[PDB]
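> just the structure for this:
(chains A, B and C, ligands or ions: 4)
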Amino acid sequence: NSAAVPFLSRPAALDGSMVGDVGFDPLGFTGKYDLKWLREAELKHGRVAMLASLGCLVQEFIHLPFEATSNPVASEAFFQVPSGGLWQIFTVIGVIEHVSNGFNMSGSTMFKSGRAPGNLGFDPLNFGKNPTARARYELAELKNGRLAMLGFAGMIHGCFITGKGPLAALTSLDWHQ
Amino acid sequence: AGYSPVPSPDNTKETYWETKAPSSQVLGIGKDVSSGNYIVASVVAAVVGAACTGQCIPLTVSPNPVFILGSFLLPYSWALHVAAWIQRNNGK
Amino acid sequence: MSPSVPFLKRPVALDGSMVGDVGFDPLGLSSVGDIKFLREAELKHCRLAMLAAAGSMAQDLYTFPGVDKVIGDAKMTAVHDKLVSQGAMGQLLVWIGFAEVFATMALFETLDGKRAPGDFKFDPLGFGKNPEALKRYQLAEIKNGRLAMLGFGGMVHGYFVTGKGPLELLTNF
Ligand code: CLA
Ligand code: KC2
Ligand SMILES: CC1=C(C#C/C(C)=C/C=C/C(C)=C/C=C/C=C(C)/C=C/C=C(\C)C#CC2=C(C)C[C@@H](O)CC2(C)C)C(C)(C)C[C@H](O)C1
Ligand SMILES: CC1=C(C#C/C(C)=C/C=C/C(C)=C/C=C/C=C(C)/C=C/C=C(\C)C#CC2=C(C)C[C@@H](O)CC2(C)C)C(C)(C)C[C@H](O)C1
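Numbers count the residues shown, from 1 in each chain, chains lettered A, B, ... in the order given. Ligands and ions are numbered 1, 2, ... in the order given. The structure is reproduced below:
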């Protein structure tokens, strides 16, 4: 009954309401966990991974003037960079998390207010005016976030293996070994 | 009398017996196997397990995995022949 | 009864419903367990073994560029052993394990009666629509898979005896 895994029954929780649903839950996580919590996690992972993948790609080509910020490899850059700045980013991200969630950062309490999953109210330029455009943007954001999760995973692991940046690794494939 | 009901696994049947032999639901997946099948299985398992055990009695530092596996048929043959007796006295 | 073995009674579990059912179960292995489970296993083995036989012949005939350097003169299980070190067999194992986790979900559905054994709804080119066709193609699949299980056993064991791949063996003998 699923549309993604045609030989498996459609997950009961997935009924086509949330955007991006193709009836893909072969392992039954939706029955065990709240779908709103799962979608919040999915969109957060996708957004962080989108930012991360663009970050690696831009990092390897554009660098800050300082020597501590001139590593084409993202993995190596993490350690070459000062630790104080990394911890500052950690704390600022934590503050942003707290404020955006409203201090309701738990599985039980996050959606007590009733805000839709993935909606932290961040739309400064107001690009969500048109409802149809907003639906298209929601599906595009989900798809691009999933793509970015997988892509950044590939980038970081290929950086571990090759020891080079993403596109340097891509263009320096060793065809003769 | 106020105790909560005891949960038991799915498809749990009544296996208590005061007859000459249990009800063949005791044999589970092999409930529909024939008594002749159980007899032949028990004899074959006994012979193979005894042979594979004899091939390993003076255990070396590199015993044969297949002989180790087959040696477990001697214990298996006992259950097989018990099942044979159960299945002969239950109509099969 | 038992058309296949005329001197034995027709297997109790086998009623002739399933494709390729000639009442063949001399040892009564269908009485133990669920016949749906055994049919899923049989179709898995059929498809895997016929892929394996075609692959043995095709590796004997052609090899991809640059594989000769890695495997040397290895054939069959020797190729396996050689490329486990390289990592090819590991990647195949990872991806097959993914597919097999999803096939585990499929088997659990089959045992509940939701899924027909061996049906993964994989029909891209759309061959099986004419219910008649699918009914023939199912019999052909079962028969070819059985023949292929036997053929791959023969190929591997001929390699064991002689050290030669199937067609290389057949050429010289
Ligand atoms: C952590 C990230 C994450 C999260 C929280 C979710 C959450 C969700 N996804 Mg999923 N999704 C993700 C990543 C994620 N997704 C990625 C990267 C892709 C691209 C392939 C998709 C593609 C996708 C589609 C196409 C659909 C969903 C849907 C859903 C929803 C229902 C299914 C479910 O319960 O998933 C929960 C899943 C998890 C919590 C992940 C569990 C991971 C396990 C424990 C280990 C995985 C290990 C490794 C990565 C797997 C490979 C192993 C290999 C080495 C052999 C749910 C909101 C459906 C939807 O929209 O429903 C409303 C839907 O149709 N997702
Ligand atoms: C068409 C698709 C294709 C497939 C499916 C495939 C599969 C495998 C497998 C299977 C798991 C292994 C193990 C393997 C190994 C090697 N491949 Mg190969 N390969 C393909 C294509 C090419 C091309 C175009 C080239 C190439 C090469 C090499 C070299 C280099 C050795 C050296 O130069 O020392 C090695 C070791 C390069 C070469 O030298 O070819 C003359 C080269 O250019 N391959 N290749
Ligand atoms: C929130 C919001 C806004 C916004 C916004 C913003 C800033 C949105 C930013 C979105 C971004 C940055 C999206 C990035 C997506 C990246 C992807 C999918 C990467 C995939 C990589 C892959 C597959 C790869 C790879 C690779 C691998 C693995 C290995 C490598 O060797 C090779 C290779 C490179 C090929 C605005 C400002 C408009 C306001 C509005 O009110 C709403
Ligand atoms: C279903 C489906 C599709 C599909 C598909 C695919 C990819 C189907 C593939 C089917 C295959 C690969 C079938 C292979 C059968 C092989 C056999 C029967 C071998 C027997 C060997 C023997 C007897 C032997 C032997 C031998 C022995 C033992 C001794 C040796 O010395 C040599 C010797 C040779 C003599 C498509 C793509 C159309 C799409 C569609 O929408 C869905």
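
> any chance you could map the helices in the chain?
With no chain named, the answer covers chain A. A:29-32, A:35-61, A:74-80, A:83-101, A:131-162, A:166-171 (DSSP state H).

> nope, chain C
Counting by DSSP H, the helices of chain C are C:35-61, C:67-71, C:77-86, C:88-111, C:131-162, C:166-172.

> excluding chain neighbours, what is closest to the residue nearest the centre of chain C?
With distances taken as Cα atoms, centre = their mean, residue C:46 lies nearest the centre of chain C, 2.5 Å away. What sits nearest to residue C:46 in space, not counting adjacent residues and going by Cβ to Cβ, 6 or more residues apart in numbering or on different chains, is residue C:145, at 2.2 Å. All C-beta spots, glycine's among them, are computed from the backbone N, C-alpha and C.

> kindly report the same for residue C:80.
residue C:89 (6.3 Å).

> just give me the neighbour total for that neighbour.
15 (other Cβ atoms under 10 Å in any protein chain shown).

> what do you get for the one 10 residues further on?
Residue neighbour count, defined by other Cβ under 10 Å, stands at 10 for residue C:99.

> what does residue A:143 give?
Count around residue A:143 with other Cβ under 10 Å applied: 13.

> residue B:85 too?
Neighbours of residue B:85 (other Cβ under 10 Å): 14.

> any figure for the gap between it and residue B:92?
11 Å (Cβ to Cβ, to the nearest Å).

> with residue C:124 instead?
Counting by Cβ to Cβ, the gap from residue C:124 to residue B:92 is 48 Å.

> look at these two and report which has more neighbours.
In this view residue C:124 and residue B:92 are compared by other Cβ under 10 Å, and residue B:92 has more residues nearby, 16 against 5.

> find the nearest non-adjacent residue to the more buried one, please.
Using Cβ to Cβ, 6+ apart, the nearest residue to residue B:92 is residue B:35, at 5.1 Å.

> repeat that for residue A:151.
That would be residue A:53: by Cβ to Cβ, 6+ apart, it lies 5.0 Å from residue A:151.

> how close does that neighbour get to residue A:43?
16 Å.

> neighbour count for these two, which is higher?
Each of residue A:53 and residue A:43 has its neighbours counted (other Cβ under 10 Å); residue A:53 has more, 23 against 20.

> so who does the more buried one touch?
A:148, A:151, A:152, A:155 (Cβ atoms under 8 Å, 6 or more residues apart in numbering or on different chains).

> what helix or strand is residue B:22 located in?
Using DSSP states H and E, residue B:22 maps to neither a helix nor a strand.

> that one: neighbouring residues, count only.
Neighbour count for residue B:22, taken as other Cβ under 10 Å: 17.

> what's in contact with whichever strand or helix holds residue B:87?
Using DSSP H and E, residue B:87 falls within helix B:73-88. Helix B:73-88 is contacted from outside by B:21-22, B:24, B:26-27, B:30, B:33-35, B:38-39, B:41-46, B:48-50, B:52-53, using Cβ under 8 Å, 6+ apart.

> let's see that with 7 Å instead.
For helix B:73-88, contacts defined as Cβ atoms under 7 Å, 6 or more residues apart in numbering or on different chains pick out B:21-22, B:24, B:26-27, B:30, B:33-35, B:38-39, B:41-42, B:45-46, B:48-50, B:53.

> on that earlier part again, adding distance to ligand 3, write the helices of chain A out as TSV.
Shown next, in TSV, are the helices of chain A (distance: least, Cβ to the nearest ligand atom, whole Å):
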stretch	distance to ligand 3
helix A:29-32	23
helix A:35-61	3
helix A:74-80	11
helix A:83-101	12
helix A:131-162	2
helix A:166-171	4
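
> wait, which of the ones you listed is closest to residue C:9?
helix A:29-32 (45.6 Å; Cβ to Cβ).

> return the set of buried residues in the closest one.
Across helix A:29-32, burial judged by 16 or more other Cβ atoms under 10 Å in any protein chain shown covers residue A:30.

> now do it: which elements does it pack against?
Packed against helix A:29-32, as judged by 3 or more Cβ pairs under 7 Å, 6 or more residues apart in numbering or on different chains; DSSP states H and E, are no other helices or strands.

> run the chain-centre distance for that helix.
21 Å (Cα atoms, centre = their mean, to the nearest Å).

> contacts for that helix?
A:11, A:12, A:13, A:14, A:38.

> for ligand 3, see how far away the nearest residue to residue A:11 once chain neighbours are set aside is.
Sequence neighbours aside, residue A:25 is the residue nearest to residue A:11 in space, at 4.0 Å (criterion: Cβ to Cβ, 6+ apart). From residue A:25 across to ligand 3, the span is 22 Å (Cβ to the nearest ligand atom, to the nearest Å).

> ok, residue A:25 to ligand 2 distance?
Residue A:25 is 33 Å from ligand 2, where distance means Cβ to the nearest ligand atom.

> all helices for chain B, in order.
B:35-54, B:65-71, B:73-88.

> adding distance to ligand 4, write the ones you listed out as JSON lines.
Formatted as JSON lines, the helices of chain B follow (distance: least, Cβ to the nearest ligand atom, whole Å):
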{"stretch": "helix B:35-54", "distance to ligand 4": "28"}
{"stretch": "helix B:65-71", "distance to ligand 4": "24"}
{"stretch": "helix B:73-88", "distance to ligand 4": "30"}
